[PDB]
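Engineer: Have a look at this one before I ask anything.
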Amino acid sequence: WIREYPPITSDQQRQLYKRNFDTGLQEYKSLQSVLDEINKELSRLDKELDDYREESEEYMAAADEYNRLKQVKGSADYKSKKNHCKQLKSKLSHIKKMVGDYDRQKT
């Protein structure tokens, strides 16, 4: 993304990069939150499974729900969000680097 966000040469450009970095960080946190919540839900169900008797109707219900979330985690939509997350982290890291390079160069 050195092409979309090249080395900065003006203060207005710096401000645009900051505004876009902020929007991207909001996007990143949103995606990350979905992945974190899926894992939190799996952990709650893991506790339920570890507690309920294996032969109970309750264990069967928890197992069904747990397996649905594991199906989501192994799904393409989940894989895509995780990938979008990584690419956004990369893009943001780059924008931050450009802003830092500029601020040092204007010192």
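Mind the numbering: the sequence shown is residues 4 to 110 in our numbering, read in order. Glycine residues also receive a C-beta, built at the ideal position from the N, C-alpha and C atoms.
Which residues in the same chain have their Cβ closer than 7 Å to the Cβ of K84, if we skip the five residues on either side of it in sequence?
Structural biologist: Cβ neighbours of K84 beyond the five flanking positions: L34, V37 and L38.
Engineer: By a C-beta neighbour count over all protein chains shown, 10 Å radius and 16 as the cutoff for buried, is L48 buried or exposed?
Structural biologist: Label assigned to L48: buried.
Engineer: What separation, rounded to the nearest whole angstrom, lies between the Cα atoms of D67 and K82?
Structural biologist: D67 and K82: Cα-Cα distance of roughly 21 Å.
Engineer: Can you tell me the Cα-Cα spacing of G77 and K32, whole angstroms?
Structural biologist: So the two alpha carbons sit approximately 21 Å from each other.
Engineer: My understanding is that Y62 touches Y69, with C-beta atoms under 8 Å, so please give their C-beta distance in whole angstroms.
Structural biologist: About 10 Å; that fails the 8 Å criterion.
Engineer: Just how far apart, CA to CA, sit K109 and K89?
Structural biologist: Straight-line Cα distance between these residues: approximately 30 Å.
Engineer: Cβ atoms of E30 and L91: under 8 Å apart, would you say?
Structural biologist: Result yes, Cβ atoms of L91 and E30 sit closer than 8 Å.
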